[PDB]
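Quick note, the sequence shown lines up with residues 51 to 463, 468 to 573, 576 to 860 if you use the authors' numbering. Notes follow once the structure below has been shown.
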Amino acid sequence: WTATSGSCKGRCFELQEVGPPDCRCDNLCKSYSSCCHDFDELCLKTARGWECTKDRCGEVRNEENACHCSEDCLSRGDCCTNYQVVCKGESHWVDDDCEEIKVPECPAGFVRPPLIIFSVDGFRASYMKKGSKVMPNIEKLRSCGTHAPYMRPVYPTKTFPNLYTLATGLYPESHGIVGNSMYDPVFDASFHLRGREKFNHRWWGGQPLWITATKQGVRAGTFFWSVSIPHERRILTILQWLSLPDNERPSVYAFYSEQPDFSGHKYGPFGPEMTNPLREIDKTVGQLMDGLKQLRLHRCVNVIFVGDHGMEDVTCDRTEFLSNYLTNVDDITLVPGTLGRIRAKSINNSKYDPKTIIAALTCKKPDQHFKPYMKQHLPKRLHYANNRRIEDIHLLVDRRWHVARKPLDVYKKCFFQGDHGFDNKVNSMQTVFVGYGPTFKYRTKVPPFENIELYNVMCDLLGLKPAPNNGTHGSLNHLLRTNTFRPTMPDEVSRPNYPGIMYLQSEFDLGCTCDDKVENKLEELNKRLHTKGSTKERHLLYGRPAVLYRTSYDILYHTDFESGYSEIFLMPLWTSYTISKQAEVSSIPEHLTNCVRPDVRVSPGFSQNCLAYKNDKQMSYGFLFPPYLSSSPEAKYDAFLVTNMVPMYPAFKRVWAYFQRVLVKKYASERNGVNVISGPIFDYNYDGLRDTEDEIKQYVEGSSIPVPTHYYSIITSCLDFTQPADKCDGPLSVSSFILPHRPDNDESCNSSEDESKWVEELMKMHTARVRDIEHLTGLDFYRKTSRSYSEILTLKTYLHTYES
Ligand SMILES: *[C@@H]1O[C@H](CO)[C@@H](O[C@@H]2O[C@H](CO)[C@@H](O[C@H]3O[C@H](CO[C@H]4O[C@H](CO)[C@@H](O)[C@H](O[C@H]5O[C@H](CO)[C@@H](O)[C@H](O)[C@@H]5O[C@H]5O[C@H](CO)[C@@H](O)[C@H](O)[C@@H]5O)[C@@H]4O)[C@@H](O)[C@H](O[C@H]4O[C@H](CO)[C@@H](O)[C@H](O)[C@@H]4O[C@H]4O[C@H](CO)[C@@H](O)[C@H](O)[C@@H]4O)[C@@H]3O)[C@H](O)[C@H]2NC(C)=O)[C@H](O)[C@H]1NC(C)=O
Ligand SMILES: CC(C)(C)c1ccc(/C=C2\SC(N3CCCC3)=NC2=O)cc1
Ligand SMILES: CC(C)(C)c1ccc(/C=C2\SC(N3CCCC3)=NC2=O)cc1
Ligand SMILES: [Ca+2]
Ligand SMILES: [Cl-]
Ligand SMILES: [Zn+2]
């Protein structure tokens with residue numbers, strides 16, 4: 051209830067929300083049905099349109115007009131955005147040549163360049179190039195300011211999760227908006243797109259930009275707009291606020307357009323009906339920039355043109371139905387569409403079993419257009435598991451397809471031709487970023503980046519300290535002329551030990567055997585040099601990784617590789633080696649197939665043992681540095697040290713062996729040498745962060761050997777591939793993966809075929825940023841390069857997506 055007896059006279063689009071039952075006059079009062087009786091009359095005026103006509107100049111001021119063309123409108127700050135063009139002979143902003151904005155050019159009393167965020171729903175990235183002919187204003191912003199060819203959304207590529215990620219810099223799993231529709235079991239409450247539960251603040255985690263501004267003394271205009279307020283009225287309201295006195299005028303503003311998403315759903319991303327929505331958006335941008343020019347703010351305000359997600363061709367006939375796979379279709383609740391989330395319908399049914407649900411959905415039809423996962427097995431780059439609102443069972447739907455429970459739900463519950475929500479590396483889901491203003495760079499193209507990084511930049515643009523978020527602050531410094539936050543490398547917490555030869559062979563009782571007794577002071581001294589690190593510059597190209605947590609580990613040097621061996625986890629945290637383009641792949645000799653050798657540098661108590669692997673009928677072992685890439689037969693014995701061994705399921709050894717025997721050499725051939733850092737990851741609570749020792753849920757049977765949940769590799773080479781990886785002078789090139797360490801290959805429907813048909817596809821799906829691996833390991837990479845730290849931060853956020 052609201053007693054709407056107050057008036058909006060002199061209160062239109064007020065910046066403070068008043069307390070009930072007093073009626074409201076702010077730009078959101080419609081969505082709460084709380085506007086004063088005269089809000090439409092006084093605030094949402096429409097008479098005479100939104101533009102000045104030639105016969106309106108100098109007119110007598112009439113307050114009933116939506117905007118004014120009188121002589122006093124500049125003083126009142128309420129001219130139509132084209133007033134100066136029509137009445138005072140000015141040019142439109144799009145028609146001016148663009149001149150570099152070297153310094154802010156602001157009117158007296160502007161403490162900082164304002165920031166205006168022009169956000170567009172469903173603005174697929176390829177629109178910038180394909181619609182450029184009909185978007186002149188947007189094309190000027192893109193070409194004269196700073197732009198990326200595309201910006202990567204977060205998963206799910208849905209509207210609420212991506213808009214709130216932009217506002218907070220957080221993964222949806224962290225800010226709590228994990229979909230457009232959610233059920234929180236702890237609340238026992240449902241979050242709906244259409245409804246009023248979505249207004250309870252308990253759903254919204256993190257600290258969004260408008261709260262960060264407010265808490266730090268930077269005034270924010272109200273970012274949000276009731277759908278019935280026309281776009282022209284939104285722009286006029288923003289320009290009016292920009293005419294407020296200095297003490298009252300906000301420094302950050304937001305405009306939002308429901309287009310082109312609204313039409314894209316009906317007509318498909320490139321339907322011929324999509325041209326006019328693109329024209330309309332551009333005209334709105336033109337009205338804003340014309341209005342800024344009138345206020346002498348067009349070389350003062352920083353403008354961000356940004357989307358939330360793209361749009362894909364999706365039709366009714368391309369739907370998969372769970373009733374075609376399950377018998378107990380009525381026992382499950384499904385969140386349908388471009389993703390699937392499954393949970394039990396009733397808690398009082400213990401005859402519900404997720405394992406049988408997953409099995410019935412796994413590789414059951416040859417053309418199957420979705421893949422089931424337990425959420426902890428989803429690719430780690432999606433960062434979509436660590437929230438109670440994310441159901442245990444997830445369906446990753448192929449692009450251009452939908453998943454639904456029963457056919458009933460589609461025809462009675468085709469209309470649409472477009473949709474979004476798919477995996478965030480899918481091209482059709484990519485969206486746009488353009489920055490224009492004094493603080494952005496001039497005519498600068500930046501590489502594609504993720505929308506989680508924008509929050510830090512928007513705080514930089516406003517002089518705000520960002521709340522803790524998942525961006526990497528400084529990785530977007532190359533977007534900015536000034537205001538850059540200058541990051542510093544984190545300090546190493548644990549320094550390593552450098553053990554020498556301290557143990558005799560007979561001190562070990564590991565149950566391991568090796569046929570290695572076949573055995576020159578020139579070459580005896582030569583291999584001692586290798587154990588002391590004489591070849592470390594060759595295999596450790598960017599310095600040792602820094603351990604950012606308290607632990608006990610040893611640096612181990614070898615002819616072909618270098619490792620940081622954890623005495624807590626009884627295995628390397630990282631193994632580093634360089635494979636040149638000329639390097640040759642050998643085989644494991646027949647007599648060294650089961651060879652495992654004690655490391656006389658590491659005590660028996662801090663070593664694995666072969667007996668555990670013999671007894672554990674589920675667990676085999678593999679090696680981090682591959683024996684196949686040994687530089688010599690004598691060096692190959694190094695690769696069989698017990699300190700190079702890691703536990704691996706036989707099913708995963710298929711994946712790992714093909715990567716080590718075939719793919720590393722192929723990458724070295726293609727990239728002119730590669731440097732590889734590989735190691736284990738433990739994330740049993742799927743929070744994306746390094747597990748401590750007491751969080752490990754699985755050990756090699758009868759031992760204290762922890763079982764990794766994942767294995768990573770970071771594959772670095774020279775960006776200029778005419779230079780070898782080990783002699784690179786300039787920027788680096790990286791691709792990484794975080795392979796799930798699973799006892800089966802059910803994820804790969806073609807896994808019964810040869811590894812050359814499925815392993816690399818699996819690895820592409822689990823591509824990762826170096827930053828993702830740092831979170832999961834507590835390690836800091838690229839400590840010692842000749843490149844600037846900000847550039848290294850950009851390299852660490854890079855994701856190799858394998859799209860075309
Ligand atoms: C991306 O970026 C984010 C942001 O930096 C980062 O997330 C942060 O991770 C931290 C570690 O996981 C975590 O630190 C402390 O969290 C809790 C409580 O924090 C509260 O205060 C903050 C600040 O205001 C709130 O934002 C936070 O809200 C959370 O919960 C709300 C609902 O409850 C929700 O709306 C909100 O979005 C957020 O939810 C998310 O985070 C929580 C974690 O809090 C998840 O569980 C959710 O699933 C959701 O994902 C909170 O209200 C502290 O209590 C912790 O202290 C622990 O652990 C300490 C470790 O040193 C230890 O000293 C303490 O003993 C304590 O243990 C207690 O609890 C034990 C088990 O419950 C118990 O056994 C023991 O006895 C003891 O009582 C943490 O110090 C941050 O909150 C978190 N921030 C955010 C915004 O999520 C992400 O890690 C990265 N992601 C990547 C991949 O890098
Ligand atoms: C998707 C979109 C349009 C971006 C959006 C929509 C609704 C809200 C609502 C919020 S946020 C909130 N908070 C933030 C932390 C403190 C309390 N309380 C709310 O009711 C926010 C954002
Ligand atoms: C980029 C940034 C600063 C995070 C931002 C700024 C403004 C808005 C405003 C919105 S979103 C919205 N919706 C979404 C679903 C339908 C209605 N209505 C609005 O007025 C949203 C996000
Ligand atoms: Ca963890
Ligand atoms: Cl959803
Ligand atoms: Zn949409």
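Even for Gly, the Cβ is constructed at its ideal location relative to N, Cα and C.
Nearest to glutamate 847 by C-alpha distance, out of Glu646, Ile770, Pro541, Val763, is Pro541. DSSP places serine 193 in the uninterrupted alpha helix (DSSP H) bounded by 186 to 194. With a 10 Å radius around the Cβ and a threshold of 16 neighbouring Cβ atoms, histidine 614 comes out buried.
When the Cα atoms are used, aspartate 171 and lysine 208 turn out to be separated by approximately 10 Å. Spatial neighbours of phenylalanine 487 in its own chain (CB-CB distance under 6 Å, excluding positions within 5 residues in sequence) are listed in chain order as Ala198, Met201, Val356. DSSP places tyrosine 177 outside any beta strand (DSSP E); the residue lies instead in the alpha helix (DSSP H), whose first and last residues are 177 to 180. Within the DSSP secondary-structure output, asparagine 731 pairs in a beta bridge with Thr634, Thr772. Proximity of the segment 315 to 325 to the segment 347 to 366 meets the contact definition, three or more beta-carbon pairs being nearer than 8 Å. With a beta-carbon spacing of about 5 Å, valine 641 and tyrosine 684 fall inside the 8 Å limit used to define contacts. Boundaries of the beta strand (DSSP E) harbouring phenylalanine 168: 165 to 171, taken from the DSSP string. With contacts defined by Cβ atoms closer than 8 Å, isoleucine 288 and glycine 267 do not form a contacting pair.
With a contact defined as Cβ atoms closer than 8 Å, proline 550 and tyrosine 609 qualify at about 5 Å.
Not one heavy atom of ligand 1 lies closer than 7 Å to the C-beta of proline 520.
DSSP lists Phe494 as the beta-bridge partner residues of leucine 534.
A direct Cα-to-Cα measurement between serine 760 and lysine 430 gives close to 26 Å.
In this structure, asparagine 399 sits near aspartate 381, with a CB-CB distance shorter than 8 Å. In this chain, the beta strand (DSSP E) harbouring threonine 369 covers 369 to 371. Taking the Cα positions, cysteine 784 is about 50 Å away from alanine 410. Annotation: the continuous alpha helix (DSSP H) that includes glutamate 690 extends over 689 to 692. Judged by the Cβ position, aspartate 363 fails to qualify as a neighbour of ligand 6 at the 7 Å threshold, every heavy atom of the ligand being at least this far. Per DSSP, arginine 284 is one residue of the alpha helix (DSSP H) stretching across 281 to 291. The three-state secondary structure of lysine 463, taken from DSSP, is coil. With contacts defined by Cβ atoms closer than 8 Å, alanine 263 and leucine 78 do not form a contacting pair. Sequence-distant partners of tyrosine 858 (beyond 5 residues in either direction) whose C-beta falls short of 6 Å from its own C-beta, in its chain, are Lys820. Here the distance from the Cβ of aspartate 610 to the nearest heavy atom of ligand 1 is not below 7 Å. Checking the 7 Å criterion, the Cβ of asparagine 741 is within range of a heavy atom belonging to ligand 4. Comparing C-alpha distances from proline 654 to each of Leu648, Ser663, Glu646, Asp473 shows the shortest one belongs to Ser663. DSSP, read as helix, strand or coil, puts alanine 217 in helix. Residue range 815 to 821 is occupied by the alpha helix (DSSP H) that includes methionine 821.
A contact between stretches requires three or more CB pairs, one per stretch, nearer than 8 Å, and the segment 790 to 806 meets this requirement with the segment 420 to 429. Shortest Cα-Cα distance from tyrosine 306 to any of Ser529, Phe168, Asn523 involves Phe168. DSSP places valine 763 in no alpha helix (DSSP H); its state is neither H nor E.
Around the C-beta of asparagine 523, 16 or more other C-beta atoms lie within 10 Å, and the residue is accordingly described as buried. For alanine 410, the uninterrupted alpha helix (DSSP H) run begins and ends at 404 to 410, by DSSP. Taking C-beta atoms under 8 Å as the contact rule, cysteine 85 and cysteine 73 qualify, at a distance of about 6 Å.
The segment 809 to 829 and the segment 748 to 759 do not touch, with fewer than three beta-carbon pairs separated by less than 8 Å.
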